[PDB]
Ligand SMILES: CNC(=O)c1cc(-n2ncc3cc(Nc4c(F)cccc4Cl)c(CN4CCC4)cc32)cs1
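Take a look at this single chain in C-alpha cells; it is the form deposited without the ligand.
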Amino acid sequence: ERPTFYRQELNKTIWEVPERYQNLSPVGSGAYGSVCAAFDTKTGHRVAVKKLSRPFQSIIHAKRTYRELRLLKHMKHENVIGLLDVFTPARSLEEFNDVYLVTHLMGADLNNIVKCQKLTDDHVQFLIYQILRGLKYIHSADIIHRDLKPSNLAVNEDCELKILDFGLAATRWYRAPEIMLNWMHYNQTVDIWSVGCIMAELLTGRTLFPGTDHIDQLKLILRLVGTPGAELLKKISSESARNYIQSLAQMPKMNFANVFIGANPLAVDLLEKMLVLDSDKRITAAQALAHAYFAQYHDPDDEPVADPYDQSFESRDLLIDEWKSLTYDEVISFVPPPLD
C-alpha cells in the first residue's frame, strides 16, 4: 500500500514525498513547519504539503504535533480544512522522524479577496453563513478555533469558504476581550467574537478594532460595547485585572445602528448579537445560523454536527517517545477520505 517516494531539496530542507505529488513549490517558511504547494496527481488538484519542523524535539513539541494530527484527522466538514493525506517516508517507528500533512488548496484567503474586489451584501452573507456553519460543527465537537481572522479563511471562485490553521493551545484585532488580557479561560464563544469582527470589516471596509497594543485595543472595544458590569466582573478570577477594570471610566454600550448606517439592518442586528461583551450572552453558531440575515442559505437539515472529540489525551503526562509513538500510530491509522 506504500507508494514510491522521491527526495529533493527546496529552501535548504529535504522533502521526501510520494511520487503522486509533483511540481512542489515552496509557499513559505514557518517556525512550526514549511509548506510547499504541489500538484496531487491522484486527485488532480493543487494541494498544500506541510513538512512539520522538528516535531519530536521536546515533550511540548511532540504533544503539539500529536494534538494537530488528532484535530486534523477529526475534521470532516465542507467549511473546515480536511486532512487529504498524512505520511512519513519512514517504514518503521524507529526510523520515524518526519511528518507531512496534505490539505486542499483553495487559491485565496479572505484578505486577498477583499484586496482586489468589493463584496456585495450577497457575498458577505454567504461567507459569514459558511464561517458560522463550520463553527457549529467545530464547536459541537468541543473544539475552539482560538484564532479566527481573514487570513485563516480560504475562499474560492464560487465564494465557498473553509476555516483553517487552528490555534494549537494582526491577531489581536479579532480577539475577544476576555482572552486578550487572559481575563478568563476561553469559551468557544471567543470564536463568535472573531466572526463579528470579521463581518464588520467585510461590511464597512475597515478594521473594527485596529489597536496597536492591548491597552489601546481594549479601550477601543470598550467604547463600543461599554465597560464590564458588576456581574461580568465576578467571573474575572484575577484581582489585578479587576482592579484595573474598575479604574476605567465607566461607559455605556453604544448604539450599533448609528455606527453602521447603510448596512443591512439584519446584518447590524446580527453583529449586535455577536459583539456582546459578556461571552455568556453572545449568540451561538447554531443560533446565528437561524438568524433572518441568512434566510436564503439556512437549511437546518444540512448543517451537521460533529462526532464527539476525545481530548482526554491533553491531561496525559507522557515521554517524548510516547507522544512520538502515539503520533506514528495516528499516521499509520489514517483513512484517506473517499474520492470525489
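Only the largest set of C-alpha atoms that superpose within 1.5 Å between the two forms is called the rigid core. Just count from 1 along the sequence shown to find any residue number.
One more form of this protein exists, namely the form deposited with the ligand bound; it is left out here, but the text below deals with it.
Contact annotation for the candidate site: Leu72, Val102 and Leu105 all lie close to the ligand in the entry with it bound (heavy atom within 4.5 Å). At a distance threshold of 4.5 angstroms between non-hydrogen atoms, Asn152 is in contact with the ligand in the entry with it bound. Among heavy atoms of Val195, none comes within 4.5 Å of the ligand in the entry with it bound. Proximity of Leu93 to the ligand in the entry with it bound falls outside the 4.5 Å heavy atom cutoff. For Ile131, no non-hydrogen atom is located within 4.5 Å of the ligand in the entry with it bound, even though that partner is not displayed.
Contacts between stretch 28-56 and the ligand, counted in the entry with it bound as any heavy atom lying within 4.5 Å, involve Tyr32, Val35, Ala48, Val49, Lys50, listed in sequence order. Positional change of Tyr32 between this form and the one not shown reaches 2 Å or more at the C-alpha, relative to the superposed core. The Cα shift for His185 between this form and the one not shown, taken after rigid core superposition, is 2 angstroms or larger.
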